[PDB]
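Chemist: Input: one structure, supplied below.
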Amino acid sequence: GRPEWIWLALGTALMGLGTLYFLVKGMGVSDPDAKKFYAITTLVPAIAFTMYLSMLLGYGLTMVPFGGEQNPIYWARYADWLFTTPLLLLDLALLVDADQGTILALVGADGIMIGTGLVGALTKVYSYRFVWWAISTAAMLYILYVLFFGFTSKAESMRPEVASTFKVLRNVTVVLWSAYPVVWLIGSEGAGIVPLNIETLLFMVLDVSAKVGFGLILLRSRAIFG
Ligand SMILES: *C/C=C(C)/C=C/C=C(C)/C=C/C1=C(C)CCCC1(C)C
Ligand SMILES: CCCCCCCCCC
Ligand SMILES: CCCCCCCCCC
Ligand SMILES: CCCCCCCCCC
Ligand SMILES: CCCCCCCCCC
Ligand SMILES: CCCCCCCCCC
Ligand SMILES: CCCCCCCC
Ligand SMILES: CCCCCCCC
């Protein structure tokens, strides 16, 4: 009955509800272009659901030795993020009709973010934890650079409802993604300052907002209709 359980339970509920709602809504859409966004965006909280549920049940948790202590690390988060973060970038890329090469590069930079963040979460040499964290944060900053300079630029050729929706999602994304590396740095994977219960509450708010909040905004806009 670990104290962070409550936040995993509430994350499981919120992700489950969001998945359902988005499914119900997506089932009623016939527009070809809109259906693709629904599929992708319903899949995202679905995957987060399974991983929050897993973590609630005590899977995806391992102890890593570093700084003279056994430290609890939820690796299940990375299995979620490995698929969900590129799917959220895909939403944004299809919105602004980004080029296939840009999408490859993003997904590739995202895989590297997640994978190097994983390696760092599992690293036993304390200082090497932060080498992997820095490389991960670099890859995240490449992504955000691309969203902000590349996509915004592209979105500016599009219809106003597309440009407006993109900007909102881009802003939500940059604010919430940028908070992840900070939480990791001060939390249990990092400096150990913020306790695991509070850290789990923080990832909860950020994940729900970055998937369900993002989703509500995207799927209720007129921008997804071709
Ligand atoms: C839906 C879940 C989302 C949108 C999660 C996004 C997560 C990140 C942007 C995490 C980034 C990380 C780094 C910048 C550095 C090292 C650790 C990570 C994986 C937490
Ligand atoms: C289930 C994921 C479906 C997303 C399709 C996106 C295709 C890109 C344009 C052809
Ligand atoms: C244009 C296609 C790029 C191929 C993958 C490169 C990923 C490197 C991270 C910048
Ligand atoms: C450490 C910060 C890394 C920033 C990457 C620069 C983006 C590439 C522009 C083409
Ligand atoms: C050129 C170095 C890139 C690092 C900055 C990332 C900017 C994020 C845009 C919101
Ligand atoms: C255009 C403004 C979009 C909203 C971004 C604010 C995110 C706040 C996170 C708590
Ligand atoms: C302790 C040495 C840091 C290694 C640099 C990481 C990029 C290759
Ligand atoms: C969004 C990540 C910013 C770069 C590291 C910030 C650590 C305070």
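Chain lettering (A, B, ...) mirrors the order of the structure tokens, residue numbering begins at 1 for each chain separately, and ligand numbering begins at 1 in order of display.
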Taking only C-alpha atoms and all ligand atoms into account, which residues have an atom no farther than 6 Å from ligand 4? I'd like them as a list in words.

Modeler: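 After applying the 6 Å limit, what remains is residues 138, 141, 142 and 145 of chain A.
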
Chemist: Can you list, as a ChimeraX atom specification, all residues belonging to stretch 86-214 of chain A that DSSP tags as alpha helix (DSSP H)?

Modeler: /A:86-95,100-121,126-145,152-155,160-177,179-186,196-208,214

Chemist: With only C-alpha atoms and all ligand atoms counted, collect every polymer residue having an atom within 10 Å of ligand 7; state the result as an NGL selection string.

Modeler: :A and (127-128 or 130-132 or 134-135)

Chemist: Store the residues of this selection in a file with N, CA, C and O atoms, as a compact mmCIF listing (two decimals), in the first residue's frame.

Modeler:
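Output contents, as saved in again_30.txt:
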# COMPACT_ATOMS: atom_id res chain seq x y z
N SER A 127 26.45 10.06 -10.89
CA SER A 127 26.77 11.11 -11.84
C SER A 127 26.42 10.76 -13.29
O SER A 127 26.07 11.67 -14.08
N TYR A 128 26.52 9.47 -13.65
CA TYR A 128 26.11 9.01 -15.03
C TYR A 128 24.58 9.06 -15.27
O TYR A 128 24.15 9.21 -16.42
N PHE A 130 22.87 11.60 -14.51
CA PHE A 130 22.66 12.92 -14.98
C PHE A 130 23.25 13.15 -16.37
O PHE A 130 22.73 14.00 -17.07
N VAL A 131 24.23 12.33 -16.80
CA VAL A 131 24.71 12.40 -18.19
C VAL A 131 23.62 11.97 -19.14
O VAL A 131 23.31 12.64 -20.12
N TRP A 132 22.92 10.87 -18.80
CA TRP A 132 21.84 10.41 -19.62
C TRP A 132 20.65 11.38 -19.60
O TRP A 132 20.06 11.64 -20.61
N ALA A 134 20.86 14.61 -19.23
CA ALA A 134 21.18 15.74 -20.08
C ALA A 134 20.98 15.47 -21.57
O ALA A 134 20.68 16.37 -22.31
N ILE A 135 21.29 14.26 -21.98
CA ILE A 135 21.22 13.87 -23.38
C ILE A 135 19.74 13.79 -23.69
O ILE A 135 19.30 14.18 -24.75

Chemist: Could you tell me, counting only C-alpha atoms and all ligand atoms, which protein and nucleic acid residues lie no more than 7 Å from ligand 2, written as a list in words?

Modeler: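 Selection of residues at most 7 Å from ligand 2: residues 36, 37, 39, 40 and 94 of chain A.
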
Chemist: Can I get the selection written as a PDB file, in the first residue's frame, with N, CA and C atoms?

Modeler:
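Result written to result.pdb:
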ATOM      1  N   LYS A  36      -8.785   9.911 -38.317  1.00  0.00           N
ATOM      2  CA  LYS A  36      -7.358   9.630 -38.094  1.00  0.00           C
ATOM      3  C   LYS A  36      -6.826  10.249 -36.756  1.00  0.00           C
ATOM      4  N   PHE A  37      -7.149  11.518 -36.546  1.00  0.00           N
ATOM      5  CA  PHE A  37      -6.893  12.197 -35.265  1.00  0.00           C
ATOM      6  C   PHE A  37      -7.553  11.458 -34.051  1.00  0.00           C
ATOM      7  N   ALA A  39      -8.372   8.279 -33.932  1.00  0.00           N
ATOM      8  CA  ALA A  39      -7.722   7.045 -33.658  1.00  0.00           C
ATOM      9  C   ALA A  39      -6.449   7.233 -32.837  1.00  0.00           C
ATOM     10  N   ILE A  40      -5.627   8.151 -33.262  1.00  0.00           N
ATOM     11  CA  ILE A  40      -4.347   8.399 -32.685  1.00  0.00           C
ATOM     12  C   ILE A  40      -4.604   8.923 -31.236  1.00  0.00           C
ATOM     13  N   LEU A  94       0.438  15.961 -38.353  1.00  0.00           N
ATOM     14  CA  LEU A  94      -0.715  15.858 -39.279  1.00  0.00           C
ATOM     15  C   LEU A  94      -1.600  17.097 -39.285  1.00  0.00           C
TER      16      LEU A  94
END

Chemist: Counting only C-alpha atoms and all ligand atoms, what residues are within 7 Å of ligand 8, given as a ChimeraX atom specification?

Modeler: /A:137,177-179,181-182

Chemist: Any chance you could export the current selection's N, CA and C atoms as a PDB file, in the first residue's frame?

Modeler:
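Once everything was written out, this is result30.pdb:
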ATOM      1  N   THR A 137      17.364  15.467 -22.304  1.00  0.00           N
ATOM      2  CA  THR A 137      16.806  16.834 -22.223  1.00  0.00           C
ATOM      3  C   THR A 137      17.224  17.548 -23.455  1.00  0.00           C
ATOM      4  N   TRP A 177       5.649  19.512 -21.418  1.00  0.00           N
ATOM      5  CA  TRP A 177       6.931  18.688 -21.637  1.00  0.00           C
ATOM      6  C   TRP A 177       8.152  19.209 -21.001  1.00  0.00           C
ATOM      7  N   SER A 178       8.316  20.515 -21.030  1.00  0.00           N
ATOM      8  CA  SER A 178       9.439  21.141 -20.355  1.00  0.00           C
ATOM      9  C   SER A 178       9.505  20.910 -18.864  1.00  0.00           C
ATOM     10  N   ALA A 179       8.376  20.553 -18.235  1.00  0.00           N
ATOM     11  CA  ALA A 179       8.350  20.328 -16.778  1.00  0.00           C
ATOM     12  C   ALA A 179       8.872  18.922 -16.436  1.00  0.00           C
ATOM     13  N   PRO A 181      11.644  17.067 -17.395  1.00  0.00           N
ATOM     14  CA  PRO A 181      13.025  16.914 -16.976  1.00  0.00           C
ATOM     15  C   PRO A 181      13.360  17.533 -15.586  1.00  0.00           C
ATOM     16  N   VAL A 182      12.637  18.581 -15.231  1.00  0.00           N
ATOM     17  CA  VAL A 182      12.780  19.195 -13.915  1.00  0.00           C
ATOM     18  C   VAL A 182      12.278  18.287 -12.816  1.00  0.00           C
TER      19      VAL A 182
END

Chemist: Could you tell me how far atom 2 (C, counted along the ligand's line) of ligand 1 lies from atom CA of residue A:205, in Å and to one decimal?

Modeler: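 Distance reported for this atom pair: 10.2 Å.
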
Chemist: At most 9 Å is the cut-off: for each residue in chain A with any atom that close to an atom of ligand 3, write down the nearest atom pair and the distance in Å rounded to one decimal, counting only C-alpha atoms and all ligand atoms, chain first then increasing number, as a Markdown table.

Modeler:
| residue | atom | partner | partner_atom_place_in_ligand_line | distance |
| --- | --- | --- | --- | --- |
| A:100 | CA | ligand 3 | 1 (C) | 7.9 |
| A:101 | CA | ligand 3 | 1 (C) | 4.1 |
| A:102 | CA | ligand 3 | 1 (C) | 5.6 |
| A:103 | CA | ligand 3 | 2 (C) | 7.6 |
| A:104 | CA | ligand 3 | 2 (C) | 5.2 |
| A:105 | CA | ligand 3 | 3 (C) | 4.0 |
| A:106 | CA | ligand 3 | 7 (C) | 6.8 |
| A:107 | CA | ligand 3 | 7 (C) | 7.7 |
| A:108 | CA | ligand 3 | 7 (C) | 4.8 |
| A:109 | CA | ligand 3 | 9 (C) | 4.4 |
| A:110 | CA | ligand 3 | 9 (C) | 8.3 |
| A:112 | CA | ligand 3 | 9 (C) | 7.9 |
| A:139 | CA | ligand 3 | 9 (C) | 7.2 |
| A:142 | CA | ligand 3 | 10 (C) | 7.0 |
| A:143 | CA | ligand 3 | 10 (C) | 8.4 |

Chemist: Taking into account only C-alpha atoms and all ligand atoms, which residue in the set A:46, A:55, A:208, A:224 is nearest to ligand 6?

Modeler: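 Looking at the shortest contact to ligand 6, the residue is A:208.
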
Chemist: Tell me which of A:16, A:226, A:124, A:203 sits closest to residue A:70, counting only C-alpha atoms.

Modeler: A:124

Chemist: Can you pull out every residue within 9 Å of residue A:180, counting only C-alpha atoms, but drop anything in the same chain fewer than 4 positions away, and send it as a PyMOL selection string?

Modeler: chain A and resi 176+184-185+203+206

Chemist: Can I get the residues close to ligand 6 as a PyMOL selection string, where close means within 10 Å and we count only C-alpha atoms and all ligand atoms?

Modeler: chain A and resi 164-177+179+205-206+209-210+213-214+217

Chemist: Running DSSP on the backbone, which parts of stretch 49-177 of chain A land in strand (DSSP E), as a list in words?

Modeler: residues 61, 62, 63, 64, 65, 66, 69, 70, 71, 72, 73 and 74 of chain A

Chemist: For the selection just defined, write its residues with C-alpha atoms to a file, as a compact mmCIF listing (two decimals), in the first residue's frame.

Modeler:
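Okay, this is what ended up in again_14.txt:
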# COMPACT_ATOMS: atom_id res chain seq x y z
CA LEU A 61 8.57 -0.91 -10.47
CA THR A 62 12.20 -1.79 -9.70
CA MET A 63 14.81 -0.78 -7.06
CA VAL A 64 17.98 0.81 -8.37
CA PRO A 65 21.06 1.25 -6.19
CA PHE A 66 22.68 4.72 -6.25
CA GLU A 69 20.32 3.64 -1.06
CA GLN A 70 17.91 1.38 -2.90
CA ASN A 71 15.73 3.80 -4.93
CA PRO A 72 12.26 3.02 -6.29
CA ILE A 73 12.02 3.60 -10.01
CA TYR A 74 8.82 3.21 -12.03

Chemist: For atom CA of residue A:26 and atom CA of residue A:76, determine how far apart the two atoms are, in Å to one decimal place.

Modeler: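 For atom CA of residue A:26 relative to atom CA of residue A:76, the distance reads 27.4 Å.
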
Chemist: Excluding stretch 5-10 of chain A and its own-chain neighbours fewer than 2 positions away, which residues fall within 8 Å of it when counting only C-alpha atoms? Please give them as a PyMOL selection string.

Modeler: chain A and resi 1-3+12-14+52-53+55-56+197+200-201+204

Chemist: Can you spit out the residues from that selection as a JSON list (two decimals), in the first residue's frame, using N, CA, C and O atoms?

Modeler:
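Saved to result-v2.json:
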[["chain", "number", "residue", "atom", "x", "y", "z"],
["A", 1, "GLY", "N", 0.81, -1.27, 0.00],
["A", 1, "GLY", "CA", 0.00, 0.00, 0.00],
["A", 1, "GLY", "C", 0.82, 1.28, 0.00],
["A", 1, "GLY", "O", 0.52, 2.23, 0.75],
["A", 2, "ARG", "N", 1.88, 1.29, -0.84],
["A", 2, "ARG", "CA", 2.80, 2.46, -1.09],
["A", 2, "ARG", "C", 2.08, 3.83, -1.18],
["A", 2, "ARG", "O", 1.05, 3.93, -1.84],
["A", 3, "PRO", "N", 2.64, 4.91, -0.60],
["A", 3, "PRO", "CA", 1.77, 6.11, -0.53],
["A", 3, "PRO", "C", 1.34, 6.70, -1.91],
["A", 3, "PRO", "O", 0.30, 7.35, -2.03],
["A", 12, "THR", "N", -5.23, 6.45, -13.29],
["A", 12, "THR", "CA", -5.91, 5.30, -14.02],
["A", 12, "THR", "C", -7.35, 5.68, -14.37],
["A", 12, "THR", "O", -7.80, 5.61, -15.54],
["A", 13, "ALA", "N", -8.09, 6.17, -13.38],
["A", 13, "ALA", "CA", -9.44, 6.70, -13.63],
["A", 13, "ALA", "C", -9.48, 7.77, -14.69],
["A", 13, "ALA", "O", -10.25, 7.67, -15.65],
["A", 14, "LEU", "N", -8.65, 8.82, -14.57],
["A", 14, "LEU", "CA", -8.72, 9.91, -15.55],
["A", 14, "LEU", "C", -8.36, 9.44, -16.95],
["A", 14, "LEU", "O", -9.06, 9.74, -17.93],
["A", 52, "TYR", "N", -0.64, 3.10, -16.16],
["A", 52, "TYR", "CA", -1.11, 3.48, -14.80],
["A", 52, "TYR", "C", -1.75, 2.34, -13.98],
["A", 52, "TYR", "O", -1.35, 2.10, -12.89],
["A", 53, "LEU", "N", -2.65, 1.60, -14.59],
["A", 53, "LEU", "CA", -3.22, 0.37, -14.01],
["A", 53, "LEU", "C", -2.21, -0.68, -13.57],
["A", 53, "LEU", "O", -2.22, -1.16, -12.44],
["A", 55, "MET", "N", 0.94, -0.02, -12.90],
["A", 55, "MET", "CA", 1.73, 0.51, -11.82],
["A", 55, "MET", "C", 0.96, 0.47, -10.50],
["A", 55, "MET", "O", 1.53, 0.12, -9.49],
["A", 56, "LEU", "N", -0.32, 0.74, -10.56],
["A", 56, "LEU", "CA", -1.22, 0.63, -9.42],
["A", 56, "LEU", "C", -1.17, -0.78, -8.83],
["A", 56, "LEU", "O", -1.13, -0.95, -7.62],
["A", 197, "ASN", "N", 5.71, 10.12, -3.58],
["A", 197, "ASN", "CA", 4.27, 10.42, -3.58],
["A", 197, "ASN", "C", 3.92, 11.69, -4.27],
["A", 197, "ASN", "O", 3.01, 11.71, -5.07],
["A", 200, "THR", "N", 4.88, 11.46, -8.00],
["A", 200, "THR", "CA", 3.83, 10.68, -8.74],
["A", 200, "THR", "C", 2.58, 11.60, -9.02],
["A", 200, "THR", "O", 1.94, 11.59, -10.08],
["A", 201, "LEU", "N", 2.27, 12.49, -8.07],
["A", 201, "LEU", "CA", 1.17, 13.44, -8.26],
["A", 201, "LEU", "C", 1.49, 14.43, -9.34],
["A", 201, "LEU", "O", 0.66, 14.78, -10.16],
["A", 204, "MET", "N", 1.26, 12.58, -12.74],
["A", 204, "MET", "CA", -0.19, 12.50, -12.97],
["A", 204, "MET", "C", -0.81, 13.71, -13.56],
["A", 204, "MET", "O", -1.50, 13.60, -14.64]]

Chemist: Go through A:54, A:45, A:225, A:81 one by one, measure the shortest atom-to-atom distance of each to residue A:32 using only C-alpha atoms, and give the residue with the smallest value.

Modeler: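 Under the stated criterion, the closest residue is A:225.
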
Chemist: In terms of the shortest atom-to-atom distance over only C-alpha atoms and all ligand atoms, which of A:27, A:223, A:191, A:146 is closest to ligand 5?

Modeler: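 Of all the options, A:146 lies closest to ligand 5.
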
Chemist: Using only C-alpha atoms, find the one residue out of A:154, A:44, A:188, A:195 that sits nearest to residue A:91.

Modeler: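 With only C-alpha atoms as the atom set, the closest residue is A:44.
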
Chemist: So which one's closest to residue A:4, A:126, A:82, A:38, A:198? Using only C-alpha atoms, please.

Modeler: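 Using only C-alpha atoms, residue A:4 sits closest to A:198.
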